[PDB]
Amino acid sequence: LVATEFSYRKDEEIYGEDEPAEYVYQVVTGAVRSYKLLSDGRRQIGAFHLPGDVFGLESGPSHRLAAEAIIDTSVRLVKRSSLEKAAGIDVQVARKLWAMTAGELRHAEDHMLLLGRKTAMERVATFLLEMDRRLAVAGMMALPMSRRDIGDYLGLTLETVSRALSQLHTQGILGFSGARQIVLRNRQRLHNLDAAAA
């Protein structure tokens, strides 16, 4: 129905893993990471949510990943129960909720293949192409997250990510204007470094 606005500071938790899934959120400005942790501190980031993306939608009762703002972020949010009510009233709403979860599933399925099977360079080339599609403006990606967040998204250390980016820069495949301002100079070459579907 009606959304309400809210903002979170860089690094503020928006919800925790296993916390009640009481609201559903949409990024207006900024960026959010969703992740799971192990007890010794190892962290897998499952997804980055960028402006316009919806997150926190759960069919069940609890958030299965924690979510934190990467940088100061403004979101819109709606009560989960308000969505459940609308879905009951309107077959089209119910179908759109399922579609949202299905798109999350498709992203996770592709991401399992990356984490289980791709080389470090393939993973970084995949990542740069995904970000270019999602956030490039007039050819340039202003990436909101650190090298440690990129590594924890890709199942790699930040040093390996840095090394792959350095190599791509030396080869003329990308340009830098500072470490997180990246301009892809040849998407085709970079596409050739990811792994290809059978």
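Just count from 1 along the sequence shown to find any residue number.
According to the PDB record, 12-20 carries the higher mean C-alpha B-factor of the two stretches 12-20 and 176-184.
In this entry, 74-82 has the higher mean Cα B-factor, the comparison being between 101-109 and 74-82. Within the listed group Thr170, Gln44, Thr29, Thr160, the record reports its top CA B-factor for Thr170. Highest CA B-factor among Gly151, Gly56, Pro51, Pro61, as stated in the entry: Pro61. Per-chain ranking of the deposited C-alpha B factor places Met121 in the middle third.
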